[PDB]
Each structure stands twice: as structure tokens, then as C-alpha cells.
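Letter by letter, the chains look like this.
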Amino acid sequence: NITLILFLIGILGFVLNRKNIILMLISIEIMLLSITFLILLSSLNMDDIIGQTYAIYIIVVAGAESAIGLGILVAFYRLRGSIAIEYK
Amino acid sequence: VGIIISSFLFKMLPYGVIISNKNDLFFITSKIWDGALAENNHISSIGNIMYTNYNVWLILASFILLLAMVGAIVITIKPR
Amino acid sequence: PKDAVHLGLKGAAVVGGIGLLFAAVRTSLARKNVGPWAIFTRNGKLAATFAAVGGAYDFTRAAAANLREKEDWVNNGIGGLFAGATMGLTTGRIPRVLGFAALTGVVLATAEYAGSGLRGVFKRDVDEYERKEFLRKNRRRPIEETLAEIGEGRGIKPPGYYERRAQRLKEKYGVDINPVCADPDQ
Amino acid sequence: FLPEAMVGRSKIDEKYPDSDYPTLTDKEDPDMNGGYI
Amino acid sequence: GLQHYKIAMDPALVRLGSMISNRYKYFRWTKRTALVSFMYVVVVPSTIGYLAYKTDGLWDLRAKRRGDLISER
Amino acid sequence: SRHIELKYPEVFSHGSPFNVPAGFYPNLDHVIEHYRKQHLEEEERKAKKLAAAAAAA
Amino acid sequence: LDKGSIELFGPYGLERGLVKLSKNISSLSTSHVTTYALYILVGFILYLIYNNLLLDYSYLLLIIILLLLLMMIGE
Amino acid sequence: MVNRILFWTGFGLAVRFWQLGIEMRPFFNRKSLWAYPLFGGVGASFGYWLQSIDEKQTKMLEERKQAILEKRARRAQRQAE
Amino acid sequence: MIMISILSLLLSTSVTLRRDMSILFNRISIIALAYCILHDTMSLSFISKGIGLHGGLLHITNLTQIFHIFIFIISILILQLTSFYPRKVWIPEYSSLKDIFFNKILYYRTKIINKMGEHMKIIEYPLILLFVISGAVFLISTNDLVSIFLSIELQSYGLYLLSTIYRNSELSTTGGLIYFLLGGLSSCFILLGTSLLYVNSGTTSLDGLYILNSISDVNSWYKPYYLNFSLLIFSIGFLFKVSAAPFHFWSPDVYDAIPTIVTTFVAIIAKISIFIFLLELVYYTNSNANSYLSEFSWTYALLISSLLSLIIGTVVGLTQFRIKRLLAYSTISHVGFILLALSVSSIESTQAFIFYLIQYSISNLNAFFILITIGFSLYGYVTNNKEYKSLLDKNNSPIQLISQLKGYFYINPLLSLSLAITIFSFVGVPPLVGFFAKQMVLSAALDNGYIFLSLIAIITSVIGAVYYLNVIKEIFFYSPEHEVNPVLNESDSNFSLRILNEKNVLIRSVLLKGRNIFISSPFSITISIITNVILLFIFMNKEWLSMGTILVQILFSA
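Residues numbered from 1 in each chain as written, not as in the entry; some residues may be left out. Chains lettered and ligands numbered in written order. Part of a larger assembly, values for the part shown. Heavy atoms only, no water. Residues with missing side-chain atoms left out of burial classes, pairs and counts.

Header annotation of the entry names cryo-EM as the structure determination method and lists the resolution as 2.83 Å.

Written as C-alpha cells, this is what we have:
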């Protein structure tokens, strides 16, 4: 049940974000947390070490995505000078 | 958006997770001797298969990490 | 025999429920803050519009069915016309009420006669190989099949046509048919 | 985030002005010609 | 392309031709016009088509002697 | 076709070799018989076709 | 007829309206990731509505035309 | 009307022709002319290769069409029981 | 072999900071992709619906190997744009086979060849492209839920890094930023889709998921509802990546922002790999018996997307003045035909799907080469248009406007007719290859009762043909706005070229002008071949169409 609540926080924190692109990259992190957390609880209820292995590989790609995101932000900020999403 | 997704995403989850959402149920556990001969820790159980049975996931994962190591540096490196 | 009024509210609720969704999205994309309750202040004319079409489509498409007691492609045409018509009244132009009635009615009629496979096409449940072979190799049909359904005449003059014509003319005009002997002899 | 010409509606409005399609009223154009005297 | 003869191009006549050429842009759906469009696009073809339907196979002249009839329906 | 042929029939050989309860794994002797037959039928079938080519030398 | 309604209820009318409709859908293009995320979320949940609720396909066709008629309407 | 080798030999000639047109270079430079036998030779080599795999494709569908008939023939046989 | 090439190329790239090595790193990547083709051709001597590999995590099919070879050959053609200089000094005096192999030409070429251009100075560019190929190739071969996620990320991340590879470009950083953020949202749907499948079925192999779906199809406590609507969320994340409406707003914006040579790979390869993966997943999960499960098929999203992509793609392209904003909308309308063919699951629809996807990839590649080549041809041309002086990133995107192509028939007539044939093939005009592709999809959908979508498709094609004809109207109906540069052709300024022999001895020295500069042959030959394939498909149709007949027969057999 908490997995659903966390996923909705990350989905709105990404879509209804009016602050900065770093917070959007955080919301993706929250969603991956919730998806991983659902797989972990299910693994325990089905006696499956594969779902812990699956959760581990989500964590490694989740960090790889956050490195590419932070690297692309640095590229964008170097030229734009602001990473603040703006609404007129 | 909250109501629609949560209501739609609720039946996508199984009984094991929706448990514990005046006569409730109680989980019962007992003991075994054949399956307890050499209990492994969870990290050991993942190690038993992470480098043989599922080694393809490790090779692919190591190539995502390599592309991230090369790409993140390529787009942010100071010119020289 | 279906409850057109009971159906109509359900159609308005479903389509108009989608209207609240686009109304709420248009509210969130507003640059100037206007308040949470502006969903029914300025965006109300979107959900109200959408539920108006849903009720207008479902009621009329249900009401037409009860008038003729047969469910076919046409019922969605009339509902399409009235759904299209009601979308016109928002604009306020007589050309636009008909233009939308034409568009929505034809689209919705076309998908019922064809049975658009959006929710899935019909299952043959039979050998497709023999359906193709039967249609392709059927090359001669009994003459009764064409005659009963293209008629007799207009160059379709099967044997025994003239005798049938004599009897048919007799009952409608009361004249015995007897062309002249076109020759002094015999 | 992209520049105004590349995704702006105003540049499209320059490329396809609404003045390319005349919308005369009956007061000035009763004969439905171009307002022909 | 190639040059033509010298023509006393009448300004009034060349603006009439431009108006006739450009006339399609200024048409509107007005009260009289929909009646004209409905009459000649719908009513007249419908009438002509309906009478064709009601007279198809009705008559034949081919070799009708005295004692037969033109009518076959 | 509405019948699925496992692309990986060797999934029948999966399962941990450790901490196994007695009487836990199901007998798959009928399964191995099946796959033995498919292999013997394919090779048998191949052996007939190649012999036909020799007859048509 | 031939320089009038046939043109208007035909090529010229379709040409006039389709330019208007296309410019309006182009307006939804803002190159803002938050707006485009919201478009994705709207389309995502709408596909859930259609499938989970077992709606009639006429409703889906009705919505699509009905959305083009809004987008045809200015602003 | 069509030969797989003649077409692809002539196909390579048109590639050389179209390539000089796109580059706006004159067709049939006397000292450049070796490229028409070369482009045409490559097309002929391609046409030989296609000719061979077309034989492999004919077999696969002939075995396949036989397989479909045999599946159908042995299916209706059990129906008559 | 693709991974050995990546690791070997990464080891050489790791010890070099020399940017002059980029052209040669790209030429080696082309040799590497040719070894992958030889290995993949060698693996084609078996008939099978699929063989599990490496512990069931991967699989090989004849369809798998054909598509990998196609991905490797498309990639070799795109790689040509970074492995050969765009312009070449050609002289009849240096035109024999003896001259090419035993004689040397010396002249100042840095400006004429653009040796130090941006597309010639990124060292890691062919290396990052190989990473996307590897992710694309595994995704075709994936057999497991965890395998699917890792491969689609390896494909996606490299596409984000290629979009941001031009670091000094503000436009590229923005397209890279938009693509990464919205594609990260796309992956969160794919991960949720896979997770719900594993959570409800206890298995992570698709082979096991297929059997649960097959048993379940019959004609009380565990109804398999989760499969269709876990696959629906799974499918939505992939409809974004292929840019199907209404998840397509990103691609017009990103394709227009990133450099053109980059847009050719980014807009072609991902579609090939994703649609092939979706094809086999659509076939196994179809219920041959209609039931309550059939009412909730995830494949209905594919029909909505095709219906929307046909409508959105043809209509919004009507008022696009930007050439690359127009090609994206053109693709969106073409993926509607691909989606509609994929959604009807029939032998005829699968042959139509295979053939439409291959021919559109080669044709859309032709369009990008012509666009990239038309830009490089403007080196000896000059303009005075206020509009062409306000364009941004003119080096990364030389042609950005349809109006910039106005009168191109008067500058390069046959290159303009090459583009005309490619555009007319996108319309679907006989006897071009695009007509036969479109009419095969129309055939299959007509034969399966999808009459309403066939009517929609033909009506949208006339709408989409309007903006296709506007491109051709600019190229042929108006005069050029580009004039020949007055200084590069003045009959008083020329550069001198020496022709050397096998050992550094002068044969003859020649004085050359700007009329002795031409497009390099790798780009004229490539355009010439694809144009001729489109034109004369009606004579070379048998082997290509018969390949798809056999692949589909295998998929539907047994």
C-alpha cells in the first residue's frame, strides 16, 4: 500500500514540479524506490531471491541514470545558467 | 490523478501485499531440518546465482555503468 | 426496451468525467494563480460541455432504439447527429451545428456498420481456408439468386419471360396480348 | 527551454497568417465578390 | 515565356477577371445561398434520380407490334 | 498455432542444489521422456532425408 | 455553386479549417518538459480509463472528434 | 522480360549514372570510364548472390506449402472418424 | 563481437586526447559492424521460433538475426557521415584506377573538406553509438523481464548521451535534457509494467508468462487480469519511445534541436528495435479464443496510438515551416501504419509490418542523407535572406527551413529529384516502394475487418500528402534564393594542386577553382542506391518480399 503512495508522490513531483530540474531527477528516484520496494515485499512473500536480485539491478541503473542526469544538467546549466523550470 | 491511478493501480497488486490493509488472520510458521542444514544469509543466496545462473544481467549492468562512466565525463570534461 | 433517461445520465457522467480531467489539467497549466476552486469557475464550461455531449449522444442513441426496437448501426448515427448538433450550440452558428452533426454522425455510423476493431474484431471460428476457396471457386450461381435480387427485365430476359409478361400485364391492365400477324398469308 | 522561433506559434502565425483567408461581412461584401464595386 | 503582341489591356476588364478568378474566397453560407446550394445539389439530382428509379424497366419499344404494349412493368 | 514450445526447455533443470527438503522436487521423468523423443524423432527424420539424397546420386 | 459552396464545402473550406486546426495543435507544443510530462500523464491515465472501465468504443471516437472540435475552436 | 543478372548489372550502371548527376560531375569522362564496368560488375555480383538465395527461398516455401497441406490433410482425416 | 569492439575501441580512446583521431575511430567502427554482420549471417542456418541462450535470459530467432544485421547495416551507412569528409576536389587529370591507387594529390584542404568541423572532432561519438546498437540488439534478443529493462536502458541512455554530445551547443543540451527527463518517465512505466508482471505471476521469464496466458485462455479465484493491464502500462512506456501519439510531443522538439547527423541515428534505430520486440510479444499474448480477457487487450492501446498518430501526424505537419519539425510529424504518421499493422495480428499483417518497417527505415535514411548533403552543397553558394541570418546552430543544423530548399532544382537538379522520389514514396505513390508498403498494410487490415482504420488511414494520407507536396513545390516551382559565391568563382583566385606519384615526385601541378569541388562519393553513392531501390522496387521485389513471407510463416507455424 505504501508502494502506491510513494509512486504517486514521485509521479506528481515530476509532473507538477514548478521548482527545478534537480527535483524532477529526485522524483524519478522516488518512483524507482517505490517500484523496487514493491518487488522486495513480493519477493519475501514468494520466497524468491530473484526479486532481491531484480531490486539490486534497479538500484544500479537508478544510480547510472542519476549520473547521466546530473552530467546532462551540468552541460545545460553551463550554457543556460539556470536549471529552474519557469512559468510566466 | 491521485484517485484514478491509485484505484486503478490497486488491483494490480497481489494478496500478499494487500494483507494487513474483528476477526483477522494470523500467519503460522514452523521449523524444518533438511532445509536448515546450512542456512545462507540473503547476500550469500544472491551470490550463489548472481555470477553464474544470472551472469547476463551482470554483463549488461556493467555495460550500463561503463556507458555512464564514459558519457557523464564526455559531456562535462574541461577541454584540454 | 431500454431506459433512455437512465442510460443518458451514465453517458453524461462517463464523457463528462473526462471533461473534469481536461478541465483540471487546463486549470493546472494556468500561468496566473486563480485558486483551486476555479475548476468550476472558468473550466466549468469544459466539463459541462463534455457531459452535455455524452448525455446527448447516449440518450438519443438509446431513445432512437426504443422507437424502432432494433439494435444496429443506424442508432449510433442519430446519436451522432445529436451529439454533433449539441456540440454546435456551444459555438452558436447554424453552419457549425450541422457541420459537427454531419461529422460526428457519419464517423459513429461508419464504425458501427464496419464494427471498428478498437475493442476487437469478430471471430470467424471457422476455417478461413475454406471461406476463401468457397467464394473464389463459386463461379455459377442458380439463376433464381440473381433474378430474385436484380429483378427480371432491363435486358434480363430469362426463358419463359414473355409468357410471364403476358400474365403480369393482364392483371395490371386487363388486356390480352396478341401481336398482329404482319403478313397477308397465313 | 527551446528558442521562440523553433516552437513558437507566433512564427507559425507569420508563416500562415489568418489574413490569408478573407472574412468579409455582408455590409461590405453583399455580392460575395471581393467587395467589387 | 516568349513575348506576345501589344494588347490594350483594359484596367476594368483585367480587374473583373481577377475578381472572377478570386471569387471563391468570399463565399459565405447565407440564407439565400443555402437554398440555392440545396436546390441544385440535392433537390434537382434527387428528383431526376427518383424518376429514373421509378421508370427503370418500365418501357421497351424493341419489336412491339399492334397487340403488345410499350409497358413491361 | 496456439501451443507454446519452450525456447528454453532447460528451465526444467533449474532449482537450488542446497538445503533441499526430501521429497521437494517433482519427478520430471515423463518430461525427460518427451524431450528424448523429440530429439530421437528429429535425428531419425534427418537420417531419412540424407539417405534419400544418396539414393538420388 | 462552382466558385461558391462547392469550393467552401470542399477543398477551400477544408484548406481553411485544417490550417486553423493544425496551428492550434502546434500551440500545445511549448518545449516545456513539465507541460510535456503532464501531457504524458494525461494520456497515460486516459488509456487506463478506456481499458479498465470497459468503455464503449463509440465514447472513444466521440471524445476524439469532440477534442478536435475544441481544438478547432479558438483559444 | 526480366533477368535477375541483367537487371542488377543494369542497376549498377544507373547507380553510377545517378551518382555523377547528384555530384554534378560529367557522365562518361573518358579517363573515368572504368567505373561503369566496376559498378555494373558489383551489381552482377549482387545479382548472382540474389539468384542463389532465391533458390533457397523457393525450397523453404515449397516445403512449407507441403507442410500446410499435410497438416490440413491429416486434420480432416481425424474428423471423418 | 559488438562488445569486443566496444571494449577495444574504449581502450584506444582512453589513451588518446587527440581529436584528429575521430575520423579513424569512425572508420574502424564500420569495420567492426561488418564483422557483426558476418557472425550474424553465419547464425542463420536453423529453423525455429526461438532458442533460449545464456540461462534462458536471451533468445535467438531467424527474425532476431535478420533485424540485428539490418541494424548493423543501417548503422554502417549512418557511420559514413563521420568517417568521410563531406566535400572532395575531383579532377579528370586524377581519375584513373592507376591514379587513385598509386598517385597522391596535395592541396590545402582544411577549409574545402571542413577537417576541423564539430562532426569530425568528437572522439567518443562512434563509441557511444556502438553502445546504443548493443542495447538495441540485446532488446531484440531479450527473453526475461529483467533483461528487457536493462536493454531498454542501455539503448535509452546512449541516445540521451548522443543528444548532449555537442556540449558547446545550447540547442543540443536542451534536446538532450528534454529527452532524458521525459524518457526517464517513460522507463518508470516500463519498470512498473515488468514489476507488476513478476509480482502477480511469480516468474520473470516471458516464456513462463506466455504459458500462463495460454492456459488461462479457455473459451474462479485467480483470473489473469493483471497480464493485459500490466502489459498496457508496459506498452505505454514504449509508445513514448517510438513517439506514437499522444506521447509524441517530445520528438518534434528534440529532433529539431539536436544536430542533423545525430538526428539520423536517434530517429531511426530505436524504432527498429522496439517494434521488433513488441511484435513477438503481441503474437504470444493474443488469445485465439474470445473471452473476457480479450475485452481488455493491451493491444487496444496500439490501435488508439495508431489512430491518433495517423491523425496527429498528418494534421500538425500542415503548418510546420521547419524541415526537421516536419520529418518528425512525418514519422509519427508512419508509425501509425506500423502500429495498425502490428495490432492486427495476422500472417498478412506481420509480413506487412516487417516490410513497412524495413523500407521506411531505408527511405527515412535517404531523406536525412539528402538533407545533410544539400546543406554541405551550399558551401559555394551565398544568400541574402534576413531569415537565414537569424537561424541558430547553423553548423549543427545547416538546413532548418523548408524555404531554405526553395529553387534547389536549379542548384542541384538530380539531387532534388532524389528527394522528390523519397518524398513521393512517403506519400505512397506507385510504383515506388512506399506505395507497396502502405498498400500491404491496407490489404491486411481490409482482410481482417479493420475497415474503419483503413478509411481513416487513406483520408489522413491525403492530408499528409499536402505538406509533402509543399516541400516539392519549394524545390521545383520557385527560383533559387542561393547564388554561387562570387569570390570562390571569380576567374582570378584559384588554389594549386600537385599530383604526385608513388614516391613523392611531381607529375603535374594544376590550378583549381570552386567548380572543381564536389560532394564526397560515399554520400552520393549511398543516395544513388536508395533512390534507385525506391524507384525500381517493382523489378527487384521477389527476394525482399519472400524473406518476410518465410519469417512470418515460421512465427505462425507449428
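Our focus in this paragraph is the overall build of chain D. Of the regular secondary structure elements, chain D holds 2 helices and 0 strands. Each of the three principal axes of chain D carries a C-alpha extent, and together these read 50 × 15 × 10 Å. For chain D, the proportion of its 37 residues judged to be buried stands at 27%. Here chain D displays about 2400 Å² of accessible surface, and carbon together with sulfur accounts for 51% of that area. (Helix = DSSP H or I, 4+ residues; strand = E, 2+ residues; numbered from the N terminus. Buried < 20%, exposed > 50% of the residue type's maximum accessible area, 1.4 Å probe, protein only. Areas by Shrake-Rupley, 256 points an atom, 1.4 Å probe, with all protein chains shown as cover.)

Residue and element names in this part refer to chain I. Here strand β7 (residues 495–500) runs beside strand β8 (residues 506–512); their pairing, made up of 6 bridges, is antiparallel. Looking across to β8, one finds that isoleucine 499 is bridged to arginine 508. Two successive antiparallel strands, β7 and β8, enclose a turn made up of 5 residues, where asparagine 504 displays a positive phi of approximately 35 degrees. (Pairing = 2+ DSSP bridges.)

The interface of chain I with chain H comprises 40 residues on the first partner and 27 residues on the second. Across the interface of chain I and chain H, roughly 3000 Å² is buried in total on both sides, 67% from carbon and sulfur atoms. For chain I, the biggest contributors to the area lost against chain H are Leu414, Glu543 and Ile550 of chain I; these three give 20% of the whole. Run the count over chain I and chain H and you get 3 salt bridges. Here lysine 88 of chain I and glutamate 23 of chain H are joined by a salt bridge, their closest N and O atoms 3.1 Å apart. Connecting chain I to chain H are 15 residue pairs in polar contact. Of the residues contributing to the side of chain I that touches chain H, the split by class is 21 nonpolar, 14 polar and 5 charged. (Contact = heavy atoms within 4.5 Å. Buried area = accessible area lost by both parts, 1.4 Å probe. Salt bridge = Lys/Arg side-chain N within 4 Å of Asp/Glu carboxyl O. Polar contact = N/O pair within 3.5 Å; in protein donor to acceptor, adjacent residues only side chain to side chain. Nonpolar A, V, L, I, M, F, W, Y, C, P; charged D, E, K, R; others polar.)

On the surface, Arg2 of chain F together with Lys71, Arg74, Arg75 and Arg78 of chain H cluster together into a positively charged patch. For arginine 78 of chain H, the location among the structural elements is in helix α2 (residues 35–79). (Patch = residues over 30% accessible without salt bridge, like charges linked within 9 Å, V, L, I, M, F, W, Y side chains within 5 Å. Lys, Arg positive; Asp, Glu negative; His and termini not counted. Charge placed at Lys NZ, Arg CZ, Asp CG, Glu CD.)

Residue and element names in this part refer to chain I. Here we have 3 strands laid out as an open sheet, ordered β4-β7-β8, and antiparallel in their pairing. Across the chains shown, the open sheet's two edge strands, defined by having one partner strand only, are β4 (104–106) and β8. Direction aside, neighbouring strands of the sheet carry axes that sit 20 degrees apart on average. Here β4 pairs with β7 via 3 bridges, running antiparallel. Its bridge partner being in β7, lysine 104 is matched across the sheet by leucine 500. (Axes fitted to C-alpha atoms, helices over the stretch in contact; angles between N-to-C directions.)

On the side of chain A, 8 residues touch chain G, which itself brings 6 residues to the contact. Both faces considered, chain G and chain A share a buried interface measuring about 570 Å² in area, 81% of it formed by carbon and sulfur atoms. If you sort the residues of chain G by the area they bury against chain A, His32, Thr34 and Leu41 of chain G come out on top, with a joint share of 61%. Applying the counting criterion to the chain G and chain A interface returns 0 salt bridges. The interface formed by chain G and chain A holds 0 residue pairs in polar contact in total. The class makeup of the residues in the side of chain G that touches chain A is 4 nonpolar, 2 polar and no charged.

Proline 246 of chain I follows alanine 245 of chain I through a cis peptide bond whose omega is 5 degrees. With respect to the helices and strands, the residue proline 246 of chain I is situated in the loop between α10 (225–241) and α11 (250–257). Of note in this structure, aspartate 125 of chain C is not a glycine but carries a positive phi near 60 degrees. Looking at the secondary structure, you find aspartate 125 of chain C in the loop between α4 (94–113) and α5 (128–137). At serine 243 of chain I, a position not held by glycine, the phi torsion is positive, near 75 degrees. Structurally, the position occupied by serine 243 of chain I is in the loop between α10 and α11.

Here we come to the packing of aromatic side chains. Scanning all chains against the criterion turns up 58 aromatic pairs over all chains. Summarising the aromatic geometry, the rings of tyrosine 54 of chain B and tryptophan 57 of chain B are spaced 4.8 Å apart at their centres and angled 25 degrees between planes, so their arrangement reads as stacked. Its relative accessible area of 16% is what places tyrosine 54 of chain B among the buried residues. According to the relative accessible area criterion, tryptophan 57 of chain B is buried, its value standing at 0%. Judged by centre distance (5.4 Å) and plane angle (85 degrees), the rings of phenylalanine 537 of chain I and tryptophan 544 of chain I are edge-to-face. By relative accessible area, which is 19% here, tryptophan 544 of chain I ends up buried. (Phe/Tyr/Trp six-rings, centres within 6.5 Å; stacked < 30°, edge-to-face > 60°.)

Enumeration according to the criterion identifies 33 salt bridges over all chains in this entry. Between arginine 28 of chain E and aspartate 26 of chain D there is a salt bridge; the shortest N-O distance is 3.1 Å. Here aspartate 26 of chain D lies in the segment after α2 (9–15) and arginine 28 of chain E lies in the loop between α1 (11–22) and α2 (31–54), a pairing that spans two chains. On the accessibility criterion, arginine 28 of chain E (18% relative accessible area) is buried.

Mapped onto the present numbering, the UniProt feature "transmembrane region" (unreviewed entry) falls at residues 4–25 of chain C. For residues 4–25 of chain C, the end-to-end C-alpha separation is 31 Å, with 100% helix and 0% strand making up the annotated structure. (UniProt positions renumbered as here; feature names shortened; annotations may be inferred.)

Moving on, we get to the arrangement of the chains. There are 19 pairs of chains in contact here, and the one with the most contacts is chains H and I. Regarding chain E and chain F, the two do not touch, and the least distance separating their C-alpha atoms is 52 Å. Spatially, chain D is disjoint from chain H: no contact exists, and the shortest C-alpha separation is 30 Å.

In terms of nonpolar packing, the biggest core is built from 317 residues, with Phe14 of chain A together with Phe67, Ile133 and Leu182 of chain I touching the most fellow members. Broken down by element, this core gets its largest block of residues, 18 residues, from helix α16 (residues 347–376) of chain I. For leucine 182 of chain I, the contacting residues outside a window of four places in its chain are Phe14 of chain A, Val33, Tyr36, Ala37 and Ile40 of chain G together with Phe240 and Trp250 of chain I. Counting residues in each nonpolar core, the second largest holds 11 residues, with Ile91, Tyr94, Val510 and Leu512 of chain I among its members. (Core = buried A, V, L, I, M, F, W, Y, C linked by side-chain atoms within 4.5 Å.)

On to the packing of helix α3 (residues 33–52) of chain G against helix α8 (residues 170–201) of chain I. Relative to each other, α3 of chain G and α8 of chain I sit at 25 degrees, their axes nearing to 10 Å. Between α3 of chain G and α8 of chain I, the angle is such that the two are roughly parallel. For α3 of chain G against α8 of chain I, the interelement crossing comes out right-handed. Between α3 of chain G and α8 of chain I, the contacting residues are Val33, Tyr36, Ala37, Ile40 and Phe44 of chain G on the first element and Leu181, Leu182, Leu185 and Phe189 of chain I on the second. Its residues placed into classes, the contact of α3 of chain G with α8 of chain I shows 9 nonpolar, no polar and no charged. (Parallel < 35°, antiparallel > 145°, perpendicular 65-115°, else oblique. Left-handed = near helix turned anticlockwise from the far one by under 90°.)

Bringing helix α1 (residues 2–13) of chain I into the picture now. Between its first and last C-alpha, α1 of chain I extends 16 Å over 12 residues, near the 16 Å set by a 1.5 Å rise per residue. Along its buried surface, α1 of chain I packs onto α4 (55–76) of chain B together with α2 (22–42) and α6 (125–141) of chain I. (Expected span 1.5 Å × (residues − 1).)

Residues and elements named next belong to chain H. Here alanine 44 lies in helix α2. Note: C-alpha distance between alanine 44 and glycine 12 (32 residues apart in sequence) is 7.9 Å. Setting aside its immediate chain neighbours within four residues, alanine 44 contacts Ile5, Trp8 and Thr9.

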